[PDB]
Amino acid sequence: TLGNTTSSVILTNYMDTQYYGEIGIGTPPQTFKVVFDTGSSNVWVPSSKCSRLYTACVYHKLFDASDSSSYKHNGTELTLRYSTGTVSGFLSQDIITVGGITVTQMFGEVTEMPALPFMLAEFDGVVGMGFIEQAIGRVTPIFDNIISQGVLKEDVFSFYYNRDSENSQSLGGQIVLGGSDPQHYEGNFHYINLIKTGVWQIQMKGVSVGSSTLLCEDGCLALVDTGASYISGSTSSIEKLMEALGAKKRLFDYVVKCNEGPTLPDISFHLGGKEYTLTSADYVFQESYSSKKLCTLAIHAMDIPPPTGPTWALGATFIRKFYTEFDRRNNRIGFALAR
Ligand SMILES: CC(C)[C@]1(C)CC(=O)N(Cc2cccc(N3C[C@@H](c4ccccc4)CC3=O)c2)C(=N)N1
Ligand SMILES: *[C@@H]1O[C@H](CO)[C@@H](O)[C@H](O)[C@H]1NC(C)=O
């Protein structure tokens, strides 16, 4: 069922690596900073039942079911194993407000939240924007429950991620539920169909580094991930790509001498009919131009296990350059040049 409602959620940009907005859980609402993530399908927030021996719980907002009149107990155990770390707890039901839309939602109350990496998180929890097929405990995702209300103009949602400005008047980003915002893209959308329903993953025809370098020569996969900070490829792919850029490997990332940063070649991703090109300014964290400092790149190695992987992941690095529309009705992803 389709309505005529478009709902927008304003996002805060934390250092070009974390994009989060607000949701309200319970009666009266308890507010949380959440990442709207296409690479996962579960909703979770830290719990008041989390041991204060987990320091990430001490430094985050905690859901207290005892203060909510609309809460409905469940208690089923839940473990969420991600590429960056694991969280676990149990299932709870309550009313969630997201951009003015109110929805009765089943979510995870996290009682085990590791300091590495969650002490580095500015956000409290996660709003999984993925499909039911990837939902742990087969819990209905929030977008499916919003679709069931039949209030949205279209069975789509869109992402705008801005570049990190020091100006407070700068919008960090914006998620539109039920449509797209023409004020944050130009030209037209070009769509690529999903390999299969259940994953925001598309076919990638090839990856180009300048002129003389080539990767994904025989085709590969690309996960379009709003929760991932960077563009990622497999260790092998990223080793060849980084050799071509003259970048040196560290523990969790790759770096270049800051002065070498603006000299780096363009990187192009062949998706559907079009070539999606990023210049050095789009993937180098140009914190200085000094020959005496090292500058990080917004491209990392990440080995995603099957059935989803081995795959590339197009995170915030990609979405900043290209406004993204996630189309559920047609199982496709649309890209347009952001503005
Ligand atoms: C968690 C996160 C939002 C999930 C649910 C899990 C996941 O592992 N990914 C992929 C992913 C890949 C590469 C980098 C990151 N993040 C996410 C950001 C982060 C994550 C954890 C703590 C601090 C900062 C900063 C970063 O490095 C995330 C998701 N699709 N979403
Ligand atoms: C938790 O929720 C699921 C939803 O399908 C339900 O089947 C299960 O029985 C619930 N458990 C309790 C103890 O309420």
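Note: hydrogens, waters and symmetry copies are ignored here, and every other heavy atom, side chains too, is used. Quick note: residue numbers are just sequence positions, from 1.
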same_hphob_cluster(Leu80, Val35) at 4.5 Å side-chain heavy-atom cutoff: yes
Heavy-atom check, side chain of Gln149 versus side chain of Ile101, under 4.5 Å: yes
Between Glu325 and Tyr191, a side-chain donor and acceptor under 3.5 Å: yes
Whether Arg328 side chain and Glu154 backbone form a donor-acceptor pair below 3.5 Å: no
Residues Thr140 and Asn145: side-chain donor-acceptor under 3.5 angstrom: no
Note, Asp67 side chain near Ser48 side chain (heavy atom, < 4.5 Å): no
Verify same cluster id: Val43, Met106 (apolar side-chain graph, 4.5 Å): no
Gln18 side chain vs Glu122 backbone, donor-acceptor pair below 3.5 Å: yes
Non-hydrogen side-chain atoms of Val45 and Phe107 separated by less than 4.5 Å: yes
Check: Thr277/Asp266 side-chain N/O donor and acceptor closer than 3.5 Å: no
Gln93/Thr104 under side-chain contact (heavy atoms from CB on, under 4.5 Å): CA gap, chis, key distance, verdict: CA-CA 7 Å; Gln93 184 199 274; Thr104 287; 3.7 Å; yes
Geometric class of the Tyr323/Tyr185 ring pair [parallel <30°, tilted 30-60°, perpendicular >60°]: tilted
Side chain proximity check, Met119 to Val58, heavy atoms < 4.5 angstrom: no
Separation of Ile136 CD1 from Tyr82 OH (nearest 0.5 Å): 8.5 Å
Heavy-atom pair of closest approach, residues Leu152 and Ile146: CD1-CG2, 3.6 Å
Flag side-chain contact, heavy atom, 4.5 Å: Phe318 against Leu271: yes
Min side-chain heavy-atom separation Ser180-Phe189 under 4.5 Å: yes
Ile195 and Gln203, any side-chain heavy atoms less than 4.5 Å apart: yes
Pairwise distance CG(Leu297) to CD1(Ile267) - rounded to 0.5 angstrom: 8.0 Å
Short side-chain to backbone donor-acceptor contact, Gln201 and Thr308, under 3.5 Å: yes
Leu337 with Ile231, same ILVMFWY side-chain cluster at under 4.5 Å: yes
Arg81 atom CZ: more than 12 heavy-atom contacts under 6.0 Å: no
Under 3.5 Å donor-acceptor, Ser229 side chain and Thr17 backbone: yes
Residue of the set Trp312, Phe269, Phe335 for which ring pair (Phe, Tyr, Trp, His ring centres under 6.0 Å) holds with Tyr276: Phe335
Working for side-chain contact (heavy atoms from CB on, under 4.5 Å), residues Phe322 and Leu314: CA-CA 10 Å; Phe322 305 103; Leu314 305 169; over 6 Å; no
Atom of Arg250, atom of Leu294 and distance for their closest heavy-atom approach: NH1-CD1, 4.4 Å
Side-chain touch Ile25/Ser68, heavy atoms, less than 4.5 angstrom: no
Residues, nucleotides or ligands: over 12 heavy atoms within 6.0 Å of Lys240 NZ: no
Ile175 side, atom CD1; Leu177 side, atom CG - distance, nearest 0.5 Å: 4.5 Å
Pair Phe157 + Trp200: ring centers closer than 6.0 Å: yes
Aromatic contact, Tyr20 with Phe123 (centres under 6.0 Å): no
Step-by-step side-chain contact (heavy atoms from CB on, under 4.5 Å) determination, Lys321 to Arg163: CA-CA 9 Å; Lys321 183 86 177 180; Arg163 281 110 190 172; 4.0 Å; yes
Any donor-acceptor N/O pair, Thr296 side chain to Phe285 backbone, under 3.5 Å: no
Between CG on residue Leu78 and CG on residue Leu91, distance to nearest 0.5 Å: 5.0 Å
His60 (side chain) donor-acceptor with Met113 (main chain) under 3.5 angstrom: no
Shared hydrophobic cluster for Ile147 and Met129 (ILVMFWY, side-chain gaps under 4.5 Å): yes
Distance-only donor-acceptor check, side chains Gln134 and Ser41, under 3.5 Å: no
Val9 reachable from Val103 in the ILVMFWY side-chain graph, under 4.5 Å edges: yes
Sole candidate of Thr38, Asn42, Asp37 that passes side-chain hydrogen bond (donor to acceptor under 3.5 Å, both in side chains) when paired with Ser40: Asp37
Backbone N/O of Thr27 and side chain of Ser70: donor-acceptor pair under 3.5 Å: yes
Salt bridge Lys61-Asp124, side-chain N to carboxylate O under 4.0 Å: no
side-chain hydrogen bond (donor to acceptor under 3.5 Å, both in side chains) between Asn162 and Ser170, worked out: CA-CA 8 Å; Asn162 200 351; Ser170 195; 3.1 Å; yes
Exercise: identify the closest heavy-atom pair between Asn330 and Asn193: O-OD1, 4.3 Å
Near-ring test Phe159/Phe36, centroid separation under 6.0 angstrom: no
Distance (rounded to the nearest 0.5 Å) between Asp303 CG and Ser234 OG: 6.0 Å
Ring geometry between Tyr19 and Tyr161 (parallel below 30°, tilted from 30 to 60°, perpendicular above 60°): parallel
Distance-minimising heavy-atom pair for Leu194 and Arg332: CG-N, 4.0 Å
Minimum heavy-atom distance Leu62-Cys57, with the two atoms named: CD2-O, 3.4 Å
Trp44/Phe118 aromatic ring centres below 6.0 Å: yes
Shortest non-hydrogen contact between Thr86 and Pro114, atoms and distance: O-CD, 3.0 Å
Working for side-chain contact (heavy atoms from CB on, under 4.5 Å), residues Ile192 and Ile333: CA-CA 5 Å; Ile192 312 98; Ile333 296 168; 5.6 Å; no
Rounded distance (nearest 0.5 Å) linking atom NE2 of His73 with atom OG of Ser92: 7.5 Å
